[PDB]
file protein-v6.cif (mmCIF, C-alpha atoms)
data_final
loop_
_atom_site.label_atom_id
_atom_site.label_comp_id
_atom_site.auth_asym_id
_atom_site.auth_seq_id
_atom_site.Cartn_x
_atom_site.Cartn_y
_atom_site.Cartn_z
CA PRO J 1 13.87 15.60 12.84
CA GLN J 2 11.31 18.30 13.32
CA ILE J 3 8.72 17.99 10.53
CA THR J 4 6.72 21.24 10.34
CA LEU J 5 3.40 20.67 8.52
CA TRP J 6 3.63 23.37 5.79
CA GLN J 7 4.03 20.68 3.18
CA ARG J 8 2.97 17.02 2.90
CA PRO J 9 5.24 15.23 5.49
CA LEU J 10 6.73 12.97 2.84
CA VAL J 11 9.69 10.80 3.68
CA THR J 12 11.89 8.18 2.10
CA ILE J 13 11.43 4.59 3.25
CA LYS J 14 13.40 1.53 2.19
CA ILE J 15 11.41 -1.72 1.67
CA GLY J 16 12.09 -4.86 -0.50
CA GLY J 17 15.54 -3.74 -1.53
CA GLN J 18 13.57 -0.71 -2.79
CA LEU J 19 13.64 3.09 -2.44
CA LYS J 20 10.26 4.89 -2.04
CA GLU J 21 8.81 8.16 -0.61
CA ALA J 22 5.95 7.83 1.96
CA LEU J 23 3.56 10.09 3.81
CA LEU J 24 4.07 10.18 7.59
CA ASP J 25 0.43 9.74 8.86
CA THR J 26 -0.77 9.95 12.49
CA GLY J 27 -4.30 9.21 11.19
CA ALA J 28 -3.38 5.77 9.82
CA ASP J 29 -3.51 2.92 12.38
CA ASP J 30 -1.83 0.84 9.69
CA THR J 31 0.93 1.27 7.15
CA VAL J 32 -0.50 0.72 3.68
CA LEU J 33 1.91 0.64 0.71
CA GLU J 34 1.15 0.72 -2.95
CA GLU J 35 1.54 -2.43 -5.00
CA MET J 36 5.02 -3.87 -5.31
CA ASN J 37 7.15 -6.95 -5.30
CA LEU J 38 7.35 -8.43 -1.84
CA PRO J 39 8.23 -11.99 -0.86
CA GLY J 40 6.74 -14.38 1.68
CA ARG J 41 3.25 -15.31 2.93
CA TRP J 42 0.54 -12.69 2.42
CA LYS J 43 -3.06 -12.48 3.66
CA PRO J 44 -6.38 -10.95 2.61
CA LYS J 45 -7.63 -7.90 4.56
CA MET J 46 -9.88 -4.86 4.12
CA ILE J 47 -9.59 -1.19 4.97
CA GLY J 48 -11.46 1.99 4.08
CA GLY J 49 -11.39 5.71 4.56
CA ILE J 50 -13.24 8.49 2.72
CA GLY J 51 -15.38 6.93 -0.03
CA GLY J 52 -15.19 3.08 0.32
CA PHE J 53 -13.49 -0.08 1.71
CA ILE J 54 -10.45 -1.36 -0.19
CA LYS J 55 -8.91 -4.83 -0.20
CA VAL J 56 -5.26 -5.01 0.84
CA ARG J 57 -3.03 -7.99 1.72
CA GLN J 58 -1.53 -8.50 5.16
CA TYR J 59 2.21 -9.21 5.57
CA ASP J 60 3.81 -9.52 9.04
CA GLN J 61 7.48 -9.84 10.34
CA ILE J 62 8.57 -7.38 7.57
CA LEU J 63 11.52 -4.93 7.78
CA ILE J 64 11.26 -1.27 6.77
CA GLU J 65 13.69 1.68 6.95
CA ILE J 66 12.18 5.12 7.67
CA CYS J 67 14.44 8.17 7.27
CA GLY J 68 17.35 5.94 8.41
CA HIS J 69 15.33 4.12 11.02
CA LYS J 70 14.91 0.33 11.09
CA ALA J 71 11.62 -1.30 12.07
CA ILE J 72 9.96 -4.74 11.64
CA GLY J 73 6.14 -4.33 11.32
CA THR J 74 3.04 -5.55 9.51
CA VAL J 75 2.63 -3.68 6.16
CA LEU J 76 -0.46 -3.68 3.91
CA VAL J 77 -0.38 -3.80 0.14
CA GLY J 78 -2.93 -2.21 -2.06
CA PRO J 79 -3.99 0.45 -4.49
CA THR J 80 -3.44 3.67 -2.54
CA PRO J 81 -2.18 6.76 -4.51
CA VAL J 82 0.45 7.56 -1.80
CA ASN J 83 2.36 5.12 0.45
CA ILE J 84 1.18 5.75 4.11
CA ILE J 85 3.15 5.18 7.37
CA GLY J 86 0.54 4.68 10.13
CA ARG J 87 0.85 4.50 13.86
CA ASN J 88 1.92 0.85 13.91
CA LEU J 89 5.37 1.97 12.67
CA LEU J 90 5.44 5.63 13.72
CA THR J 91 5.34 4.61 17.33
CA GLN J 92 8.39 2.49 16.64
CA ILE J 93 10.79 5.09 15.27
CA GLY J 94 9.95 7.27 18.33
CA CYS J 95 7.70 9.80 16.54
CA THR J 96 5.38 12.13 18.60
CA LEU J 97 3.01 14.97 17.61
CA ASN J 98 4.13 18.26 19.30
CA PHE J 99 2.50 21.63 19.59
CA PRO X 1 1.29 19.06 24.61
CA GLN X 2 3.60 16.23 23.60
CA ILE X 3 1.39 13.55 21.95
CA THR X 4 2.48 9.94 21.43
CA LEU X 5 0.96 7.56 18.97
CA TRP X 6 0.16 4.54 21.15
CA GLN X 7 -3.50 5.58 20.84
CA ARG X 8 -5.27 7.44 17.98
CA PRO X 9 -4.46 11.15 18.57
CA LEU X 10 -8.00 12.28 19.40
CA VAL X 11 -8.22 15.80 20.85
CA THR X 12 -11.16 18.04 21.81
CA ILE X 13 -12.57 20.88 19.77
CA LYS X 14 -15.11 23.62 20.29
CA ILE X 15 -16.91 24.41 17.09
CA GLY X 16 -20.06 26.16 16.11
CA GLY X 17 -21.15 26.39 19.68
CA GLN X 18 -20.54 22.67 20.33
CA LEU X 19 -18.02 20.34 21.92
CA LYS X 20 -16.60 17.58 19.63
CA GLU X 21 -13.62 15.30 19.47
CA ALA X 22 -11.37 15.27 16.40
CA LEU X 23 -8.49 13.16 15.07
CA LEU X 24 -5.23 15.13 14.44
CA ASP X 25 -4.15 14.01 11.02
CA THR X 26 -0.83 14.79 9.53
CA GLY X 27 -1.90 12.89 6.35
CA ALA X 28 -4.86 15.16 5.60
CA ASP X 29 -4.42 18.55 4.02
CA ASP X 30 -7.84 19.78 5.14
CA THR X 31 -10.21 19.40 8.11
CA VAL X 32 -13.33 17.30 7.37
CA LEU X 33 -15.89 17.25 10.16
CA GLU X 34 -18.77 14.91 10.82
CA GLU X 35 -22.14 16.25 9.55
CA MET X 36 -23.39 18.93 12.01
CA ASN X 37 -25.41 22.18 12.39
CA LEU X 38 -23.05 24.75 10.87
CA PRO X 39 -24.32 28.27 10.24
CA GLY X 40 -23.23 29.99 7.04
CA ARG X 41 -22.81 29.74 3.30
CA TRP X 42 -21.01 26.74 1.81
CA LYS X 43 -19.65 25.50 -1.45
CA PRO X 44 -19.50 21.77 -2.04
CA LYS X 45 -16.07 20.62 -3.32
CA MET X 46 -15.34 16.83 -3.48
CA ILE X 47 -12.60 15.04 -1.51
CA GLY X 48 -10.40 12.01 -2.13
CA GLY X 49 -9.18 9.47 0.44
CA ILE X 50 -8.14 5.79 0.50
CA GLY X 51 -11.82 4.91 0.56
CA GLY X 52 -12.98 6.64 -2.67
CA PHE X 53 -14.79 9.96 -3.34
CA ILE X 54 -17.13 11.59 -0.83
CA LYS X 55 -18.97 14.84 -1.33
CA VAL X 56 -18.61 17.66 1.14
CA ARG X 57 -19.82 21.21 1.51
CA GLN X 58 -16.86 23.44 2.33
CA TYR X 59 -17.16 26.41 4.71
CA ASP X 60 -14.51 29.16 4.76
CA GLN X 61 -13.47 31.35 7.74
CA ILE X 62 -14.91 29.29 10.61
CA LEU X 63 -13.35 29.66 14.10
CA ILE X 64 -12.17 26.32 15.70
CA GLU X 65 -10.86 25.76 19.22
CA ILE X 66 -8.35 22.90 19.34
CA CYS X 67 -6.96 21.48 22.62
CA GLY X 68 -7.36 25.00 23.99
CA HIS X 69 -5.91 26.56 20.82
CA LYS X 70 -7.62 29.06 18.63
CA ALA X 71 -7.53 29.08 14.85
CA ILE X 72 -9.73 30.35 11.96
CA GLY X 73 -10.14 28.41 8.72
CA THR X 74 -11.89 26.30 6.09
CA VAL X 75 -13.76 23.26 7.34
CA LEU X 76 -15.33 20.49 5.20
CA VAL X 77 -18.53 18.95 6.49
CA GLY X 78 -19.65 15.51 5.36
CA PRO X 79 -20.29 11.77 5.42
CA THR X 80 -17.16 11.06 7.56
CA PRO X 81 -16.82 8.54 10.45
CA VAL X 82 -14.31 10.56 12.57
CA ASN X 83 -13.82 14.38 12.70
CA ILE X 84 -10.41 15.00 10.97
CA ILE X 85 -8.00 17.97 11.49
CA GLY X 86 -5.77 18.28 8.41
CA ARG X 87 -2.85 20.65 8.05
CA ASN X 88 -4.98 23.53 6.93
CA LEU X 89 -5.46 24.03 10.74
CA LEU X 90 -2.42 22.23 12.32
CA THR X 91 -0.04 24.62 10.63
CA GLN X 92 -1.97 27.02 12.79
CA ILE X 93 -1.94 25.72 16.44
CA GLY X 94 1.72 25.44 15.51
CA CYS X 95 2.15 21.63 15.44
CA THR X 96 5.26 19.70 14.32
CA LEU X 97 5.97 15.94 13.89
CA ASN X 98 8.94 14.85 15.98
CA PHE X 99 11.29 11.90 16.05
#
call {"tool": "encode", "arguments": {"input": "protein-v6.cif", "output": "structure tokens"}}
result
Amino acid sequence: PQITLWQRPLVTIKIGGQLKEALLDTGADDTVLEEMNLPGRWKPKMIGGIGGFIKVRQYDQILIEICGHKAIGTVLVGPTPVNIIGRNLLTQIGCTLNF
Amino acid sequence: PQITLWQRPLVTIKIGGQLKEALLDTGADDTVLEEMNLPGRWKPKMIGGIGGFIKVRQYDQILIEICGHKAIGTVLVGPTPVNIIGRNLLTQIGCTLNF
């Protein structure tokens, strides 16, 4: 698809047997999703942006569906207002910036 | 330029007489530059990110040269680690997100 940046480049993902809307982000190295039921082994981690470091939990070998795109990647769960798709996954569905 | 996400999409910018390097962020609505000598009048609005809440001094109608591309707009100056280019300017150099 060609996502023009006039509005937040929101997009529906499919994780956990769940339907969500996430923000395609070239400025996230990592995919950080808001709190939700996920199964398996997790793992402490820390990340920060504008205003402070936040503690998220690491989860690897996880499947995710982006705009009808499948992809196994590490996802991070924490208190973020929006669900963010970072470069770890955006690289995977073939996504490139273009101007 | 076609930009892939294997590496952080850093680009160069000429601003306020100086050469910097900024991150092109589709998940940022506004540009927020590292604290520098900017000439003019500002108003300090406050911004929200995954960190927390940092204070910035906005500046309206500044000219910015991005990866050779000219654009005039509102810049936010502040306690940031990396210079960020939100969509307030990327709408402008005409950049889209492909995949």
call {"tool": "resolve_selection", "arguments": {"input": "protein-v6.cif", "expression": "the PyMOL selection byres ((chain J and resi 73-82) around 8)", "output": "NGL selection string"}}
result
(:J and (22-23 or 30-36 or 54-64 or 71-72 or 83-84 or 88-89)) or (:X and (50))
call {"tool": "write_last_selection", "arguments": {"input": "protein-v6.cif", "atoms": "C-alpha atoms", "output": "PDB file, in the frame of the given file"}}
result
ATOM      1  CA  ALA J  22       5.950   7.830   1.960  1.00  0.00           C
ATOM      2  CA  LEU J  23       3.560  10.090   3.810  1.00  0.00           C
ATOM      3  CA  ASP J  30      -1.830   0.840   9.690  1.00  0.00           C
ATOM      4  CA  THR J  31       0.930   1.270   7.150  1.00  0.00           C
ATOM      5  CA  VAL J  32      -0.500   0.720   3.680  1.00  0.00           C
ATOM      6  CA  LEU J  33       1.910   0.640   0.710  1.00  0.00           C
ATOM      7  CA  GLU J  34       1.150   0.720  -2.950  1.00  0.00           C
ATOM      8  CA  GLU J  35       1.540  -2.430  -5.000  1.00  0.00           C
ATOM      9  CA  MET J  36       5.020  -3.870  -5.310  1.00  0.00           C
ATOM     10  CA  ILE J  54     -10.450  -1.360  -0.190  1.00  0.00           C
ATOM     11  CA  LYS J  55      -8.910  -4.830  -0.200  1.00  0.00           C
ATOM     12  CA  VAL J  56      -5.260  -5.010   0.840  1.00  0.00           C
ATOM     13  CA  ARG J  57      -3.030  -7.990   1.720  1.00  0.00           C
ATOM     14  CA  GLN J  58      -1.530  -8.500   5.160  1.00  0.00           C
ATOM     15  CA  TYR J  59       2.210  -9.210   5.570  1.00  0.00           C
ATOM     16  CA  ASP J  60       3.810  -9.520   9.040  1.00  0.00           C
ATOM     17  CA  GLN J  61       7.480  -9.840  10.340  1.00  0.00           C
ATOM     18  CA  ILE J  62       8.570  -7.380   7.570  1.00  0.00           C
ATOM     19  CA  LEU J  63      11.520  -4.930   7.780  1.00  0.00           C
ATOM     20  CA  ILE J  64      11.260  -1.270   6.770  1.00  0.00           C
ATOM     21  CA  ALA J  71      11.620  -1.300  12.070  1.00  0.00           C
ATOM     22  CA  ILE J  72       9.960  -4.740  11.640  1.00  0.00           C
ATOM     23  CA  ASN J  83       2.360   5.120   0.450  1.00  0.00           C
ATOM     24  CA  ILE J  84       1.180   5.750   4.110  1.00  0.00           C
ATOM     25  CA  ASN J  88       1.920   0.850  13.910  1.00  0.00           C
ATOM     26  CA  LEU J  89       5.370   1.970  12.670  1.00  0.00           C
TER      27      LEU J  89
ATOM     28  CA  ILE X  50      -8.140   5.790   0.500  1.00  0.00           C
TER      29      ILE X  50
END
call {"tool": "closest_atom_pairs", "arguments": {"input": "protein-v6.cif", "of": "chain J", "to": "chain X", "cutoff": "8 Å", "atoms": "all atoms listed in the file", "output": "Markdown table"}}
result
| residue | atom | partner | partner_atom | distance |
| --- | --- | --- | --- | --- |
| J:1 | CA | X:99 | CA | 5.5 |
| J:2 | CA | X:98 | CA | 5.0 |
| J:3 | CA | X:97 | CA | 4.8 |
| J:4 | CA | X:96 | CA | 4.5 |
| J:5 | CA | X:91 | CA | 5.6 |
| J:6 | CA | X:91 | CA | 6.2 |
| J:8 | CA | X:27 | CA | 7.3 |
| J:9 | CA | X:26 | CA | 7.3 |
| J:23 | CA | X:27 | CA | 6.6 |
| J:24 | CA | X:27 | CA | 6.7 |
| J:25 | CA | X:27 | CA | 4.7 |
| J:26 | CA | X:25 | CA | 5.5 |
| J:27 | CA | X:25 | CA | 4.8 |
| J:29 | CA | X:8 | CA | 7.4 |
| J:47 | CA | X:51 | CA | 7.9 |
| J:48 | CA | X:51 | CA | 4.6 |
| J:49 | CA | X:51 | CA | 4.1 |
| J:50 | CA | X:51 | CA | 4.4 |
| J:51 | CA | X:52 | CA | 3.6 |
| J:52 | CA | X:51 | CA | 3.8 |
| J:53 | CA | X:51 | CA | 5.4 |
| J:54 | CA | X:51 | CA | 6.5 |
| J:80 | CA | X:50 | CA | 6.0 |
| J:81 | CA | X:50 | CA | 7.8 |
| J:87 | CA | X:5 | CA | 6.0 |
| J:90 | CA | X:5 | CA | 7.2 |
| J:91 | CA | X:5 | CA | 5.5 |
| J:93 | CA | X:99 | CA | 6.9 |
| J:94 | CA | X:99 | CA | 5.3 |
| J:95 | CA | X:99 | CA | 4.2 |
| J:96 | CA | X:4 | CA | 4.6 |
| J:97 | CA | X:3 | CA | 4.8 |
| J:98 | CA | X:2 | CA | 4.8 |
| J:99 | CA | X:95 | CA | 4.2 |
call {"tool": "calpha_fit_and_write", "arguments": {"input": "protein-v6.cif", "fixed": "chain X", "moving": "chain J", "output": "PDB file with C-alpha atoms, in the frame of the given file"}}
result
ATOM      1  CA  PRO J   1       1.537  18.919  24.512  1.00  0.00           C
ATOM      2  CA  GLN J   2       3.556  15.925  23.495  1.00  0.00           C
ATOM      3  CA  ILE J   3       1.214  13.436  21.790  1.00  0.00           C
ATOM      4  CA  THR J   4       2.924  10.022  21.664  1.00  0.00           C
ATOM      5  CA  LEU J   5       1.310   7.808  18.990  1.00  0.00           C
ATOM      6  CA  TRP J   6       0.436   4.705  21.090  1.00  0.00           C
ATOM      7  CA  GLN J   7      -3.228   5.532  20.765  1.00  0.00           C
ATOM      8  CA  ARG J   8      -5.347   7.411  18.201  1.00  0.00           C
ATOM      9  CA  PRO J   9      -4.274  11.109  18.690  1.00  0.00           C
ATOM     10  CA  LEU J  10      -7.814  12.182  19.505  1.00  0.00           C
ATOM     11  CA  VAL J  11      -8.465  15.654  20.806  1.00  0.00           C
ATOM     12  CA  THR J  12     -11.344  17.870  21.808  1.00  0.00           C
ATOM     13  CA  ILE J  13     -12.262  20.708  19.457  1.00  0.00           C
ATOM     14  CA  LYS J  14     -14.922  23.366  19.936  1.00  0.00           C
ATOM     15  CA  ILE J  15     -16.962  24.356  16.829  1.00  0.00           C
ATOM     16  CA  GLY J  16     -20.514  25.858  16.428  1.00  0.00           C
ATOM     17  CA  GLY J  17     -21.016  26.368  20.131  1.00  0.00           C
ATOM     18  CA  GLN J  18     -20.327  22.604  20.174  1.00  0.00           C
ATOM     19  CA  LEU J  19     -18.007  20.144  21.945  1.00  0.00           C
ATOM     20  CA  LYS J  20     -16.480  17.316  19.825  1.00  0.00           C
ATOM     21  CA  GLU J  21     -13.431  14.962  19.803  1.00  0.00           C
ATOM     22  CA  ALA J  22     -11.249  14.954  16.620  1.00  0.00           C
ATOM     23  CA  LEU J  23      -8.322  13.023  15.225  1.00  0.00           C
ATOM     24  CA  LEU J  24      -5.123  15.064  14.828  1.00  0.00           C
ATOM     25  CA  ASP J  25      -4.043  14.095  11.229  1.00  0.00           C
ATOM     26  CA  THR J  26      -0.791  15.088   9.469  1.00  0.00           C
ATOM     27  CA  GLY J  27      -2.044  13.136   6.416  1.00  0.00           C
ATOM     28  CA  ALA J  28      -5.098  15.362   5.893  1.00  0.00           C
ATOM     29  CA  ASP J  29      -4.454  18.539   3.847  1.00  0.00           C
ATOM     30  CA  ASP J  30      -7.945  19.565   4.917  1.00  0.00           C
ATOM     31  CA  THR J  31     -10.042  19.466   8.055  1.00  0.00           C
ATOM     32  CA  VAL J  32     -13.163  17.419   7.380  1.00  0.00           C
ATOM     33  CA  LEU J  33     -15.871  17.286  10.080  1.00  0.00           C
ATOM     34  CA  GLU J  34     -18.862  15.054  10.316  1.00  0.00           C
ATOM     35  CA  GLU J  35     -22.298  16.470   9.636  1.00  0.00           C
ATOM     36  CA  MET J  36     -23.563  19.142  11.990  1.00  0.00           C
ATOM     37  CA  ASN J  37     -25.343  22.417  12.347  1.00  0.00           C
ATOM     38  CA  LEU J  38     -23.231  25.242  11.020  1.00  0.00           C
ATOM     39  CA  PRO J  39     -24.366  28.675   9.864  1.00  0.00           C
ATOM     40  CA  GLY J  40     -23.402  30.811   6.882  1.00  0.00           C
ATOM     41  CA  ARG J  41     -22.611  30.254   3.185  1.00  0.00           C
ATOM     42  CA  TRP J  42     -21.459  26.756   2.232  1.00  0.00           C
ATOM     43  CA  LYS J  43     -20.059  25.337  -1.019  1.00  0.00           C
ATOM     44  CA  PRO J  44     -19.903  22.024  -2.880  1.00  0.00           C
ATOM     45  CA  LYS J  45     -16.546  20.182  -2.956  1.00  0.00           C
ATOM     46  CA  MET J  46     -15.142  16.663  -3.335  1.00  0.00           C
ATOM     47  CA  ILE J  47     -12.485  14.653  -1.554  1.00  0.00           C
ATOM     48  CA  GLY J  48     -11.410  11.015  -1.440  1.00  0.00           C
ATOM     49  CA  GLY J  49      -9.023   8.675   0.263  1.00  0.00           C
ATOM     50  CA  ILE J  50      -8.964   4.866   0.425  1.00  0.00           C
ATOM     51  CA  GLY J  51     -11.971   3.508  -1.497  1.00  0.00           C
ATOM     52  CA  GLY J  52     -13.745   6.479  -3.232  1.00  0.00           C
ATOM     53  CA  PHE J  53     -14.376  10.257  -3.597  1.00  0.00           C
ATOM     54  CA  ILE J  54     -16.866  11.814  -1.174  1.00  0.00           C
ATOM     55  CA  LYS J  55     -18.832  15.046  -1.498  1.00  0.00           C
ATOM     56  CA  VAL J  56     -18.297  17.579   1.283  1.00  0.00           C
ATOM     57  CA  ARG J  57     -19.297  21.259   1.572  1.00  0.00           C
ATOM     58  CA  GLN J  58     -16.772  24.071   1.814  1.00  0.00           C
ATOM     59  CA  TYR J  59     -17.058  26.717   4.567  1.00  0.00           C
ATOM     60  CA  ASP J  60     -14.407  29.455   4.981  1.00  0.00           C
ATOM     61  CA  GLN J  61     -13.729  32.223   7.653  1.00  0.00           C
ATOM     62  CA  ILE J  62     -14.823  29.718  10.380  1.00  0.00           C
ATOM     63  CA  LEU J  63     -13.536  29.637  13.998  1.00  0.00           C
ATOM     64  CA  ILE J  64     -12.414  26.443  15.736  1.00  0.00           C
ATOM     65  CA  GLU J  65     -10.850  25.726  19.154  1.00  0.00           C
ATOM     66  CA  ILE J  66      -8.304  22.877  19.325  1.00  0.00           C
ATOM     67  CA  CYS J  67      -7.164  21.719  22.779  1.00  0.00           C
ATOM     68  CA  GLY J  68      -7.591  25.354  23.940  1.00  0.00           C
ATOM     69  CA  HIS J  69      -6.228  26.848  20.760  1.00  0.00           C
ATOM     70  CA  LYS J  70      -8.165  29.322  18.599  1.00  0.00           C
ATOM     71  CA  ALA J  71      -7.988  29.229  14.804  1.00  0.00           C
ATOM     72  CA  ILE J  72     -10.076  30.569  11.868  1.00  0.00           C
ATOM     73  CA  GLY J  73      -9.870  28.136   8.885  1.00  0.00           C
ATOM     74  CA  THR J  74     -11.838  26.497   6.089  1.00  0.00           C
ATOM     75  CA  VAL J  75     -13.635  23.343   7.396  1.00  0.00           C
ATOM     76  CA  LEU J  76     -15.323  20.639   5.286  1.00  0.00           C
ATOM     77  CA  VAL J  77     -18.569  18.931   6.168  1.00  0.00           C
ATOM     78  CA  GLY J  78     -19.402  15.418   5.256  1.00  0.00           C
ATOM     79  CA  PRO J  79     -19.957  11.818   6.170  1.00  0.00           C
ATOM     80  CA  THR J  80     -16.631  10.793   7.706  1.00  0.00           C
ATOM     81  CA  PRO J  81     -16.725   8.324  10.691  1.00  0.00           C
ATOM     82  CA  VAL J  82     -14.191  10.450  12.680  1.00  0.00           C
ATOM     83  CA  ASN J  83     -13.727  14.251  12.635  1.00  0.00           C
ATOM     84  CA  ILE J  84     -10.227  14.974  11.083  1.00  0.00           C
ATOM     85  CA  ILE J  85      -7.917  17.986  11.738  1.00  0.00           C
ATOM     86  CA  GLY J  86      -5.683  18.320   8.643  1.00  0.00           C
ATOM     87  CA  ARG J  87      -2.657  20.421   7.961  1.00  0.00           C
ATOM     88  CA  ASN J  88      -4.636  23.564   7.138  1.00  0.00           C
ATOM     89  CA  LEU J  89      -5.315  23.972  10.889  1.00  0.00           C
ATOM     90  CA  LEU J  90      -2.480  21.951  12.432  1.00  0.00           C
ATOM     91  CA  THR J  91       0.024  24.370  11.032  1.00  0.00           C
ATOM     92  CA  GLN J  92      -1.895  27.111  12.787  1.00  0.00           C
ATOM     93  CA  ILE J  93      -1.822  25.870  16.372  1.00  0.00           C
ATOM     94  CA  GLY J  94       1.977  25.391  15.979  1.00  0.00           C
ATOM     95  CA  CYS J  95       1.972  21.574  15.671  1.00  0.00           C
ATOM     96  CA  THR J  96       5.109  19.733  14.319  1.00  0.00           C
ATOM     97  CA  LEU J  97       5.951  16.025  13.871  1.00  0.00           C
ATOM     98  CA  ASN J  98       9.057  15.122  15.985  1.00  0.00           C
ATOM     99  CA  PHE J  99      11.211  12.049  16.120  1.00  0.00           C
TER     100      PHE J  99
END
call {"tool": "atom_distance", "arguments": {"input": "protein-v6.cif", "atom1": "atom CA of residue X:38", "atom2": "atom CA of residue X:12"}}
result
17.5 Å
call {"tool": "atom_distance", "arguments": {"input": "protein-v6.cif", "atom1": "atom CA of residue X:44", "atom2": "atom CA of residue X:15"}}
result
19.5 Å
call {"tool": "atom_distance", "arguments": {"input": "protein-v6.cif", "atom1": "atom CA of residue X:21", "atom2": "atom CA of residue X:68"}}
result
12.4 Å
call {"tool": "decode", "arguments": {"input": "protein-v6.cif", "residues": "stretch 31-45 of chain J", "atoms": "N, CA and C atoms", "output": "PDB file, in the first residue's frame"}}
result
ATOM      1  N   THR J  31       9.018  -3.026  18.399  1.00  0.00           N
ATOM      2  CA  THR J  31       7.567  -3.104  18.402  1.00  0.00           C
ATOM      3  C   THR J  31       7.147  -3.190  19.860  1.00  0.00           C
ATOM      4  N   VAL J  32       6.428  -2.213  20.348  1.00  0.00           N
ATOM      5  CA  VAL J  32       5.958  -2.192  21.712  1.00  0.00           C
ATOM      6  C   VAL J  32       4.432  -2.179  21.712  1.00  0.00           C
ATOM      7  N   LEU J  33       3.789  -3.200  22.291  1.00  0.00           N
ATOM      8  CA  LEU J  33       2.321  -3.213  22.323  1.00  0.00           C
ATOM      9  C   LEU J  33       1.849  -2.981  23.764  1.00  0.00           C
ATOM     10  N   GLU J  34       0.639  -2.437  23.783  1.00  0.00           N
ATOM     11  CA  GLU J  34       0.003  -2.159  25.060  1.00  0.00           C
ATOM     12  C   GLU J  34      -0.422  -3.488  25.682  1.00  0.00           C
ATOM     13  N   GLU J  35      -0.476  -3.478  26.994  1.00  0.00           N
ATOM     14  CA  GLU J  35      -0.855  -4.601  27.811  1.00  0.00           C
ATOM     15  C   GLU J  35      -2.037  -5.418  27.291  1.00  0.00           C
ATOM     16  N   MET J  36      -1.778  -6.737  27.302  1.00  0.00           N
ATOM     17  CA  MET J  36      -2.731  -7.724  26.822  1.00  0.00           C
ATOM     18  C   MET J  36      -2.352  -9.173  27.137  1.00  0.00           C
ATOM     19  N   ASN J  37      -3.394 -10.023  27.041  1.00  0.00           N
ATOM     20  CA  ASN J  37      -3.090 -11.429  27.250  1.00  0.00           C
ATOM     21  C   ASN J  37      -2.296 -12.031  26.085  1.00  0.00           C
ATOM     22  N   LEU J  38      -1.133 -12.522  26.483  1.00  0.00           N
ATOM     23  CA  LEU J  38      -0.186 -13.248  25.693  1.00  0.00           C
ATOM     24  C   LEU J  38       0.383 -14.410  26.529  1.00  0.00           C
ATOM     25  N   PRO J  39       0.540 -15.539  25.871  1.00  0.00           N
ATOM     26  CA  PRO J  39       1.061 -16.754  26.442  1.00  0.00           C
ATOM     27  C   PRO J  39       2.516 -17.077  26.172  1.00  0.00           C
ATOM     28  N   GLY J  40       3.162 -17.794  27.111  1.00  0.00           N
ATOM     29  CA  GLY J  40       4.548 -18.184  26.892  1.00  0.00           C
ATOM     30  C   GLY J  40       5.499 -17.575  27.911  1.00  0.00           C
ATOM     31  N   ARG J  41       6.806 -17.641  27.605  1.00  0.00           N
ATOM     32  CA  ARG J  41       7.820 -17.090  28.515  1.00  0.00           C
ATOM     33  C   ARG J  41       8.066 -15.604  28.233  1.00  0.00           C
ATOM     34  N   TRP J  42       8.007 -14.745  29.262  1.00  0.00           N
ATOM     35  CA  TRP J  42       8.292 -13.339  28.985  1.00  0.00           C
ATOM     36  C   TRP J  42       9.651 -12.977  29.564  1.00  0.00           C
ATOM     37  N   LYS J  43       9.942 -11.682  29.643  1.00  0.00           N
ATOM     38  CA  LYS J  43      11.294 -11.272  30.082  1.00  0.00           C
ATOM     39  C   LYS J  43      11.391  -9.772  30.313  1.00  0.00           C
ATOM     40  N   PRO J  44      11.831  -9.370  31.498  1.00  0.00           N
ATOM     41  CA  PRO J  44      12.027  -7.961  31.806  1.00  0.00           C
ATOM     42  C   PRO J  44      12.895  -7.262  30.745  1.00  0.00           C
ATOM     43  N   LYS J  45      12.653  -5.970  30.545  1.00  0.00           N
ATOM     44  CA  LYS J  45      13.354  -5.084  29.644  1.00  0.00           C
ATOM     45  C   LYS J  45      12.913  -3.636  29.950  1.00  0.00           C
TER      46      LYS J  45
END
